[PDB]
Amino acid sequence: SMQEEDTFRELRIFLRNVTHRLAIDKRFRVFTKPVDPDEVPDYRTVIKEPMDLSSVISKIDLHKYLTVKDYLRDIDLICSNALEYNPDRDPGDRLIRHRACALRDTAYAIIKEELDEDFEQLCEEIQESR
Ligand SMILES: O=C(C1CCC1)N1C[C@@H]2C[C@@H](CO)O[C@]2(CCO)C1
């Protein structure tokens with residue numbers, strides 16, 4: 001229905017606003033573009049599903065997300081990829097891991113304060129009807 005298409009258009013507006021707020025934070029600059037495959041050749045040998053905030057913006061616009069749950073699966077992938085590629089004790093790996101955990105915790109905190117639980121349940125029920 002047009003009412004359902006209006007629901008999904010409000011979800012995309014909400015997701016673009018959250019993603020922009022993460023992408024302008026100086027801590028998260030390292031998550032704004034893909035890891036460069038010419039400059040980091042063993043990256044895509046280890047990480048089988050690369051993800052970053054520019055790719056997330058593209059996915060919102062391609063109508064890939066019907067729920068905030070499916071958006072948070074990609075934010076969790078950005079965080080898990082950084083934890084698995086950079087696992088060592090040295091300061092450069094520890095700084096990446098701390099920033100990845102802060103990106104995930106920040107996204108979940110914005111969603112807890114600003115997403116209505118009944119709006120999310122509506123998106124889940126339209127998705128499950130298709
Ligand atoms: O995993 C990441 C992203 C940082 C936030 C996720 N890498 C892995 C490469 C090795 C690591 C050396 O410190 O830096 C990277 C290359 C420079 O950008 C980026």
Side-chain angles (χ1 to χ4, degrees), residues 1-25 27-130:
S1 67
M2 173 83 288
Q3 314 87 256
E4 290 170 344
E5 295 311 308
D6 283 353
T7 299
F8 297 132
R9 199 172 305 112
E10 176 163 358
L11 172 68
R12 293 188 302 267
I13 294 164
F14 175 72
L15 297 178
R16 295 193 193 82
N17 179 260
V18 174
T19 305
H20 180 244
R21 289 152 65 191
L22 299 173
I24 65 178
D25 189 307
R27 296 171 289 170
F28 309 147
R29 200 174 209 287
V30 289
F31 303 120
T32 63
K33 301 181 160 175
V35 173
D36 198 315
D38 287 308
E39 207 148 51
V40 196
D42 70 317
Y43 188 69
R44 268 153 200 89
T45 79
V46 176
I47 298 301
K48 294 311 177 184
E49 195 173 4
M51 190 52 62
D52 68 279
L53 298 169
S54 73
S55 301
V56 170
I57 288 296
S58 292
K59 289 186 63 167
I60 294 165
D61 290 347
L62 285 167
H63 302 196
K64 304 277 193 173
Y65 308 119
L66 272 69
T67 69
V68 183
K69 191 172 264 79
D70 284 1
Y71 171 87
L72 289 171
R73 292 186 236 278
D74 277 342
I75 299 300
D76 288 335
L77 181 61
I78 293 174
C79 179
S80 65
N81 290 340
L83 307 185
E84 297 163 3
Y85 193 78
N86 308 279
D88 292 351
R89 74 94 35 212
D90 63 276
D93 287 14
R94 284 181 169 165
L95 176 62
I96 291 168
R97 296 200 308 275
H98 192 269
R99 292 171 165 178
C101 287
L103 173 75
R104 176 201 67 203
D105 292 350
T106 299
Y108 277 79
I110 292 172
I111 286 159
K112 187 178 193 188
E113 289 201 307
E114 300 180 26
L115 171 64
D116 189 305
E117 64 178 21
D118 294 333
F119 180 84
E120 176 64 5
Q121 183 69 35
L122 178 56
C123 286
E124 289 180 19
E125 293 183 0
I126 305 168
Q127 174 184 64
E128 172 59 28
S129 83
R130 305 222 148 162

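Remember, it's 1-based here, ligands and their atoms both numbered in the order they're listed. Positions are given from 1 along the sequence.
Residues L83 and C101 meet the side-chain proximity criterion, which asks for heavy atoms closer than 4.5 Å.
Residue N86 holds the heavy atom nearest to atom 1 (O) of ligand 1 of all those in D36, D88, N86, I78.
Neither side chain, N17 nor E114, offers a donor N or O lying under 3.5 Å from an acceptor on the other. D52 and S55 share a side-chain donor-acceptor pair at under 3.5 Å. Remark: the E117 side chain and the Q121 side chain contain no N/O donor-acceptor pair separated by less than 3.5 Å.
In terms of protein heavy atoms, atom 17 (C) of ligand 1 is closest to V40 CG2, 5.0 Å. Scanning the protein heavy atoms around atom 6 (C) of ligand 1, the nearest turns out to be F31 CE2, 3.7 Å. Of the protein's non-hydrogen atoms, the one nearest atom 14 (O) of ligand 1 is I96 CD1, 4.2 Å. Closest to atom 7 (N) of ligand 1, if we only count protein heavy atoms, is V35 CG2, 4.0 Å.
Close approach to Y85 involves these atoms of ligand 1, each under 4.0 Å from a residue heavy atom: 8 (C). Close contacts between ligand 1 and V30 involve ligand atoms 4 (C), 5 (C) [criterion: under 4.0 Å to a heavy atom].
Remark: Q127 CD to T67 OG1 distance equals 5.0 Å, nearest 0.5 Å.
Annotation: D93 places no N or O atom under 3.5 Å from an N or O atom of ligand 1; distance criterion only.
Distances from atom 12 (C) of ligand 1 to the protein include no heavy-atom value under 4.0 Å.
Within 6.0 Å of atom CD in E39, 12 or fewer heavy atoms from other residues, nucleotides or ligands are found, so the atom counts as exposed in its surroundings.
A donor-acceptor pair is defined here as one N or O able to donate and one able to accept, closer than 3.5 Å; no such pair exists between the side chain of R104 and the backbone of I78.
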